[PDB]
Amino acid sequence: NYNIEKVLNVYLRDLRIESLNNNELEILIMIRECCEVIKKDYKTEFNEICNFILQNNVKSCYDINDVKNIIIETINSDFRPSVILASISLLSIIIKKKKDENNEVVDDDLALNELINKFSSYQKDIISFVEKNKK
């Protein structure tokens, strides 16, 4: 009936929104709205995370390979629907900060792809979390 992985690929990998069916589009709207609040409420804390990884990257760039291992480890040790959305929101911030501030190029398709595969196992919980916060 629906596939979360494309919805995350639309939200994170700038995949054309037209690849989504009605459900996957509704799911996208809920994820977009939920993550924007997380990005706004915790803008300060994410930046501290993002600003930390920046100084520890050899090329002074935001690279998802750096944060890749951290997120997957965080999820297994902590499997709450909230910890997943914080990862998506952090990752979404890195993507634009990558786009807006990197003076060099970075290859992280594989890194990000592995991350989205992890989020899709927990899709059942994500839909539950984003749906509740729709109210």
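In this text, residue numbers run from 1 along the sequence as written.
J.: With respect to the recorded C-alpha B factors, which stretch has the higher mean value, 74-82 or 32-40?
T.: The deposited B-factors put 74-82 ahead on the C-alpha mean.
J.: In the PDB record, does 55-63 or 87-95 carry the higher mean Cα temperature factor?
T.: Per the PDB entry, the higher value belongs to 55-63.
J.: Consider only the C-alpha atoms of the modelled residues in this chain, order them by B-factor as the entry records it, and name the third containing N69: lowest, middle or highest.
T.: Highest third.
J.: Sorting by Cα B-factor within the chain, modelled residues only, which third would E24 end up in: lowest, middle or highest?
T.: Ranked within chain, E24 CA B lands in the lowest tercile.
J.: Compared with the other modelled residues in the chain, in which third is the CA B-factor of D14?
T.: Highest third, going by the recorded CA B-factors of the chain.
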